[PDB]
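Read the single chain below, which is given as structure tokens and is the form deposited in one PDB entry.
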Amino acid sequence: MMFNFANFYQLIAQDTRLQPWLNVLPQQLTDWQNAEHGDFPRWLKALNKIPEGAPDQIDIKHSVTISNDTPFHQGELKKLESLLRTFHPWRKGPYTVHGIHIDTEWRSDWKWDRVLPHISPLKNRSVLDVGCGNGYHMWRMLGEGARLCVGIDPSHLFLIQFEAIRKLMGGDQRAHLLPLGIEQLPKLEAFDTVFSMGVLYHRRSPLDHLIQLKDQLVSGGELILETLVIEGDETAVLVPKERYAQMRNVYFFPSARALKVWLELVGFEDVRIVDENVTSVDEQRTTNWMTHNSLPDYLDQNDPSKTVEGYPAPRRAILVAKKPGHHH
């Protein structure tokens, strides 16, 4: 037993649309326990010595900020910062935790500000975040009144980062991160909203990815798809021979207009391209909480409009779509 999912099993037991998940999830999490991870024991030892207990003040509306009305013990703060730095690299955020600023590789707040204006309100929505990272966006979703956020990300580190923030939130049961890939879910059709941001290009079968997302939505449910694109029309689709911006094992980089046709082909409606953004080195860079290489190292050193391999430089698109039917 690396990590006990008792609390999640309890939650989906008591939910008429997620209870069917109990037919496959428990054996998958049993298997995940037995594939020992080198670092997980160390990570857990550090997670366990993070302070337990509810903070006085939580902002998950405008940021992800935790504080106490009481200034914290100087020495307990120094320990906490050291524990959180154990979970390097911190890629998604930022977080402000009792005045500790976790300056993540990504300004994940900026992507959130690009998405929020275009989505159906999250008030009392159940949400699936596919490839949620450490779950930054799930906190922002609860900030907007979401009833339940389930994240899936196969990274052991991001489950520990998520549980660190969730413990510092006082053990909030309205968000959960499951160490799965999207390919491991059955057809649940349980969620009002599904996010898939930064996942499509990692999937060998892009149309199967779009069908797997459609299969998690209630009828009239909403998809937010975010992915790396190129410029062009409905037949502009980059598939790199080698790496794209130093990423291994990436596949399809369609144009936003191609992706819209793809979403229509698999049976989404009201498909809208709502945002295209050329990723600046201020949205993604090396920081003191993520000391590895980042976007500046992945660009042509003489031409920021190209990756080091010669392809057009990272461009992220947001599409919003509806699964057919009325939303009940």
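Think of the rigid core as the biggest set of C-alphas that the two forms share within 1.5 Å after superposition. For every residue, the number given is its place in the sequence shown, counted from 1.
The form deposited in another entry exists for this protein as well; it is not shown, and the discussion that follows is about that form.
In the core-aligned comparison between the shown form and the other one, the C-alpha of 290 is the only one from 290, 47, 29, 58 that shifts by 2 Å or more. The rigid-core alignment places the CA of residue 273 less than 2 Å apart between the shown form and the other one.
Look at residue 294 and residue 96: in the other form their Cα atoms move 3 Å or more farther apart than in this form.
In comparison with the shown form, the Cα-Cα distance of residue 282 and residue 259 decreases by at least 3 angstroms in the other form.
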